[PDB]
Amino acid sequence: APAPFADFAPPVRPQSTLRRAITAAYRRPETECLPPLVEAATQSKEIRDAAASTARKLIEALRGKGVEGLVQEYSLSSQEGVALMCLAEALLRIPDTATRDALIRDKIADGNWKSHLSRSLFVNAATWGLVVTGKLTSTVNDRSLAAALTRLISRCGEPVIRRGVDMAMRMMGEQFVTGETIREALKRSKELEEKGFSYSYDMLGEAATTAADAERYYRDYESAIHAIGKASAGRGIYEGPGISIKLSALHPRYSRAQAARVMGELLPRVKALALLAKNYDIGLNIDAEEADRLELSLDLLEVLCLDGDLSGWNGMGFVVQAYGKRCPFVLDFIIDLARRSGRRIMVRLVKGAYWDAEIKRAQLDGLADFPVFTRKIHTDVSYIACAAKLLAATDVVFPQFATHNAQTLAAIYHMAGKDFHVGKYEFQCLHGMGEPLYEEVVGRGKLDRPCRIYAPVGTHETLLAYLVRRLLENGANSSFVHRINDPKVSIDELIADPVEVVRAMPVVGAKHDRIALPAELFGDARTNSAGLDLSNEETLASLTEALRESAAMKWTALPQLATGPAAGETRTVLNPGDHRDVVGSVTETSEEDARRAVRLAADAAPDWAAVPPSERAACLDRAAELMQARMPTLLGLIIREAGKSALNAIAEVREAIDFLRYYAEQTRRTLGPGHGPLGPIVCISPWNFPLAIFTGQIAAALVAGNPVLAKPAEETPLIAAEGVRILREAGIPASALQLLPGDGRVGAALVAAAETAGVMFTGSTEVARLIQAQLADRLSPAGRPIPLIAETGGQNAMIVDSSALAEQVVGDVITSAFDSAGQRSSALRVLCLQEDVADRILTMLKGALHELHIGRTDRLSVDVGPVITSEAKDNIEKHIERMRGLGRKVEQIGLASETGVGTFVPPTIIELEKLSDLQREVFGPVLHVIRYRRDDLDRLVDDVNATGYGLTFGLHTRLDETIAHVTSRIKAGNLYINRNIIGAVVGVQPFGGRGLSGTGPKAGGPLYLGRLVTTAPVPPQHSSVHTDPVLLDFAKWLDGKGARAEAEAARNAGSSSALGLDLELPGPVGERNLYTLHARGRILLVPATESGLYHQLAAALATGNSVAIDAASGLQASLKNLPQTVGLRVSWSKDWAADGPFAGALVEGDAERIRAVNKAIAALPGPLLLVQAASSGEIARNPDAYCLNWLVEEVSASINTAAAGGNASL
Ligand SMILES: Cc1cc2c(cc1C)N(C[C@H](O)[C@H](O)[C@H](O)COP(=O)(O)OP(=O)(O)OC[C@H]1O[C@@H](n3cnc4c(N)ncnc43)[C@H](O)[C@@H]1O)c1[nH]c(=O)[nH]c(=O)c1N2
Ligand SMILES: NC(=O)c1ccc[n+]([C@@H]2O[C@H](COP(=O)([O-])OP(=O)(O)OC[C@H]3O[C@@H](n4cnc5c(N)ncnc54)[C@H](O)[C@@H]3O)[C@@H](O)[C@H]2O)c1
Ligand SMILES: O=C(O)[C@@H]1CCC=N1
Ligand code: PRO
Ligand SMILES: [Mg+2]
């Protein structure tokens, strides 16, 4: 039985001094990086003057010599230009040239273009919008574009369509690519090869999602090498053409986590392509991609350069990105490698293409700093400093200076001096964009320096997958190509020397002022939790030791009563991935000691309530600091006790830290002397987020002034015990927080105890219903229901239309459905695929499924761990077999035999016919797939809502009309657009749903603390200027009936309601996170008096709800002659169970009436109802007898605004 963590993440090879220096610079502060770059990039005054002169001459040439022309000729608006190009694109998808021309002449030009063209004409409008306008919009206003296309055709007819088609054909066949196939691209290269250029061809493959895709990219590269080599005809690697490849195209799991697979499976494929390039003697360049693939790619480069089968050939090339903080250390490593191997490595120096994405990734991951510079001028200095390094080593490497910036060019041209020969170094540029500049460089009559054109090769479909990334660059306010076209920009500004500008700044190397470090994402509110970089070798080495150490500890969990540990029954705690791995020991709580603990908490409550809220929050902040410091050890316990992967365990500890700091800040913002605690609160938590959810409930209750009885899930008591220990170390007194391990019997004894003033439950809907029933028996000393927060299961869907990008969808589906083996309340359960793209996406999804590694989670390479118990396994596998027994297609990955020592379920895809085939939440790694026709979208949303759950929901579409439609009709608490659906970042995506998924309020949001005090505070930003209009009509009706006091109360409720609140929450770049208050639905009213009914109706209507009024009240005569607007919202119910589901209830009566009604409500089928009760006299005395916070519904929506391939705002 293998030792825990003994193979966690061993590096591919022992790290040399040169490799360790690369790693040390990964996230070095920007003020530390620049000074040595400024020193390295310094040149003489004479050189600087000469370079400015050269740059000035180049830039004057460029300024003194397409779509814009079309737009001008026909006076097109921007939307008209974009729609015309979308139309042209579609028409070109028609292959038969004369067939197309006829469709245009006889059908399109005579209007009704909708009539003739299961896929929006405008799916790529974001890209064409960049071409026409220079600005990137994440989503497509398809109704605007359809109106514009109708308008321009009705105005200008076939001629404008003809010009649109020809324009599109030219840009897509000749400007964005050198050719559609390698043979065509080579034909078109002859002309500029004559003029002294050379070429490197890029076959536009990247991001293989399946083994099939990788093998297809491999054979594309192989066939291109043959065509290029045959065309090269012996010209060699400097004069003749080469090829560029992306390693991500050649393997579907190209990542540090899968390093062993990369070296075993990807390396041989690159070697075979390199052997072919060697035979023809052409270049083969490895392109640079994301920052977390840099160091892994060095391991491939090293093996290849030391492989004797490749000796005698100097065509191997490697890209280095000067916007990266590691660039100079990467170059030292490469130059040394070229010395040891004897290979003259071709080094392409670029600035870097993924800047937007790197900023967002570091912010999302809570890392210490960015792996790239944040000021564009720093990249320019880095570039020039690294060019100086390369030019001093031309004996050993072949520098290739890829840039379109004339200032950069001129600086390097003069840096290189007067001695030149072909083969010493070259410049490089991108096809289409750089020929203007470099035609001022190449040739004996210019600067007589060679330039290699990077030449994309691909069909229209292929080009558009990543044409945005390639444009977005030349289009930002900071880009040279953009600035030289701006007339407001002078030549003097363009020939400005970045080295000298940086040197003379006050602070050399300061971070950009408008980009937040990950720790500062929330500004003064609170400190963001910090993560761990699992691509950093130093981090992996350190984490390996801490994880090993955490596994030698003798973890225990005991009943920790206010007076001290209690004895009880003791059993071991086993690793769910391997029951031979004993993780610890738990002593469970007796039912008598459970009851004892509640009495002890009651007696302690005044002492804890009297601790000022700000000192209570200081305890939470201290606890957050201790967990941050203990994160590596906590990680190791979560991995082995709960079966979680390291990545998921990091995110869990972050969430615990975030809960603690968020509820501390909310407390400091809100709580004062009049917000009295409820009293002892019982917190019952689930196994599957055994630290974060556990901590959030307890931290909220404590900071609100309540002593807590913490009852963790029976499966995961050890991490709960550690969280309690940390909370007590931080200053929470033993009497304020008692730990009671055990099963549901401990939970139920706690709920039933008379001094229990409130319950916070997270778990299954079934168990929540049992707790609701127990509590219907009970009232508070004041005669009011015991507050219950119950956050329960989900049946979460994602809808995907034909505009979505399949590779993005598959990544988000694999993550959402099979991360944590699907053991997240938010996990994706039903994937809904538009019929037109269903087969393609499903094929890709099954391919990606078979790349997942299932096993014990103490290895970094494991993607999917075990399920928590053999009972959970049996329940999940029974579901799979029923489905398989109804004829449903079932796809499963094969499990390795090593899984036999634990409880594993293989990730599973099930193809359903209708959504009605699923009855209950299946809490496991099981994805169901259904298909829909686009016209039935609205019915599909109904089917999703019809399950009665309402937790998470995803939508993948580029089309605004679809977004508006679906998000206005779906009923769920957490929405996600063009991303995964498992985001629950505290204070950013406040988490929690409706219906069968919860009562609210949401955890990690601003209404949560108010449920745990007797008088609710006003949350930050909690108000609305909007007044419900049916409420206003009802207040007027009351005035007409003579109920003047109730009329005024109604108008007051109208004003106090926060319905219509609509906020954007601060978060990472490249995302919009929105928070809104909606109506809950239909509220059950159980009045006793006429005035009580009017107050209840006012509260419900003020918050946007409809109502069902208890007919047994006998108060029908009190609502004669209602305005139709109000009557539409009102119904009367004899049989409550028949008229649901309800979303809440308002009750009037004395204590025995409230208790009776409460039992009746708890017996209603379906969701748990948040009930509010008041006596007639309380309604008279207290205008907040019915609190409006609990009559609205919170909705969180997280939109990935980077999904179109770039970040506009950045
Ligand atoms: C032949 C060839 C081959 C390649 C590439 C280019 C060329 C010409 N690229 C793309 C390259 O990284 C770069 O994005 C473009 O060439 C534009 O940079 P220029 O120097 O031409 O212009 P320019 O001087 O305008 O520099 C713009 C660049 O500055 C950087 N930048 C912008 N804002 C910034 C900020 N706030 N802070 C820091 N830096 C900022 C970015 O790197 C951006 O591309 C690349 N890229 C890649 O990553 N891998 C590869 O393999 C290649 N391959
Ligand atoms: N909505 C959310 O925020 C959220 C988050 C995590 C998990 N969940 C849900 O939790 C479920 C999985 O967790 P679980 O298996 O640990 O849940 P569960 O319902 O099995 O058990 C949850 C807790 O209730 C206790 N319990 C069991 N019976 C009880 C009873 N009769 N009286 C009082 N307490 C009792 C258990 O000891 C445990 O602490 C899933 O349905 C999941 O969707 C929801
Ligand atoms: O594909 C890209 O964006 C960059 C430019 C050429 C190679 N890599
Ligand atoms: O992916 C694309 O379309 C761009 C075009 C040049 C290289 N990459
Ligand atoms: Mg259970």
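Index from 1, following the sequence. What you see below is based on every heavy atom in this structure, not just the backbone, and it leaves out hydrogens, waters and symmetry mates. In listed order, ligands and their atoms are each counted from 1.
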Nitrogen or oxygen of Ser764 less than 3.5 angstrom from that of ligand 2: yes
Can you list the atoms of ligand 2 that are under 4.0 Å from a heavy atom of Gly747? 33 (C), 34 (N)
No-hydrogen, no-angle side-chain donor-acceptor test under 3.5 Å, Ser198 and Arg452: yes
Between ligand 2 and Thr765, is the shortest N or O to N or O distance under 3.5 Å? no
Can you find a non-hydrogen atom of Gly992 under 4.0 Å from ligand 2? no
Do the numbers put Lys644 on top of the ring of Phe689, so that NZ or CZ is under 6.0 Å from the six-membered ring centre and no more than 45° off the axis? yes
Residue selection (non-hydrogen contact nearest atom 25 (C) of ligand 2) among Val682, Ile684, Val759: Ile684
We want to know whether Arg824 and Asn688 form a side-chain donor-acceptor pair, criterion being a heavy-atom distance below 3.5 angstrom. no
Mark up the atoms of ligand 2 that fall under 4.0 Å of a heavy atom belonging to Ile693, in ascending order. 5 (C), 6 (C)
With no hydrogens and no angle check, just 3.5 Å: does a side-chain donor-acceptor pair link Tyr199 and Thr178? no
Check the side chains of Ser820 and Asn648 for a donor-acceptor pair under 3.5 angstrom, ignoring hydrogens and angles. yes
Using a 4.0 Å heavy-atom cut-off, which part of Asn688 comes near ligand 2: side chain, backbone, both, or neither? side chain
Judged by modelled atom types alone, do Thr999 and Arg994 share a side-chain donor-acceptor pair under 3.5 Å? no
Between the side chains of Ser244 and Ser200, does any donor sit under 3.5 Å from an acceptor? yes
Ligand 2 atoms nearer than 4.0 angstrom to some heavy atom of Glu714 are 36 (C), 37 (O)
Mark the output for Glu206 as yes if a heavy-atom distance to ligand 3 is under 4.0 Å, and as no if none is. no
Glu206-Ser248 side chain donor-acceptor pair, cut-off 3.5 Å: no
Checking contacts here: is it the side chain or the backbone of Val751 that comes within 4.0 Å of ligand 2, counting heavy atoms only? Could be both or neither. neither
Atom indices of ligand 2, in the order listed, that fall short of 4.0 Å to a heavy atom of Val767: 19 (O), 24 (O), 26 (N), 27 (C), 28 (N), 29 (C), 30 (C), 35 (C)
Under 3.5 Å, is there a donor-acceptor pair linking the side chains of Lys711 and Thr589? no
Taking the six-membered ring of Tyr383 as reference, does the NZ or CZ atom of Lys351 fall below 6.0 Å from its centre and within a 45° cone about the axis? yes
Where's the contact between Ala1003 and ligand 2, heavy-atom distance under 4.0 Å: side chain, backbone, both or neither? neither
Pull out every atom of ligand 3 sitting under 4.0 Å from any heavy atom of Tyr454, numbered as shown with elements. 6 (C), 7 (C)
Under the side chain to side chain contact (heavy atoms under 4.5 Å, CB included) rule, what do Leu975 and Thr952 come out as? Steps first, then yes or no, please. CA-CA 6 Å; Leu975 312 179; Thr952 64; over 6 Å; no
With distance as the sole criterion, is a donor-acceptor pair present between the side chains of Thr869 and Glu715 under 3.5 Å? no
Structural part of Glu921 in contact with ligand 2, heavy atom criterion under 4.0 angstrom: side chain
Backbone or side chain, does any N or O of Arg469 fall under 3.5 Å from an N or O of ligand 3? yes
Could you tell me whether ligand 2 has any atom less than 4.0 Å away from a heavy atom of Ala713? yes
Here the atoms of ligand 2 under 4.0 Å from any heavy atom belonging to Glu791 are 1 (N), 2 (C), 3 (O), 44 (C)
Going by distance only, is there an N or O of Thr762 that falls short of 3.5 Å from an N or O of ligand 2? no
With nothing but distance in play, are any N or O atoms of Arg348 less than 3.5 Å from an N or O of ligand 3? no
Hey, are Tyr454 and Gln428 close enough side-chain-wise for a donor-acceptor pair under 3.5 Å? no
Test item, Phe923 contacting ligand 2 (heavy atom, 4.0 angstrom): yes
Would you please classify the geometry between the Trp687 ring and the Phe923 ring as parallel, tilted or perpendicular, with 30° and 60° separating the classes? perpendicular
With a heavy-atom distance limit of 4.0 Å, tell me whether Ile771 approaches ligand 2 through its side chain, its backbone, both, or neither. side chain
What are the atoms of ligand 3, with element, lying closer than 4.0 Å to any heavy atom of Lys246? 1 (O), 2 (C), 7 (C), 8 (N)
Any nitrogen or oxygen of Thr792, main chain or side chain, under 3.5 Å from a nitrogen or oxygen of ligand 2? yes
If the plane angle is over 60° it's perpendicular, under 30° parallel, otherwise tilted; pick one for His879 and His928. perpendicular
Closer than 4.0 Å to some heavy atom of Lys711 - which atoms of ligand 2 meet that? 36 (C), 37 (O), 39 (O)
Applying a 4.0 Å heavy-atom criterion (strictly less than), which segment of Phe991 is in contact with ligand 2: side chain, backbone, both, or neither? side chain
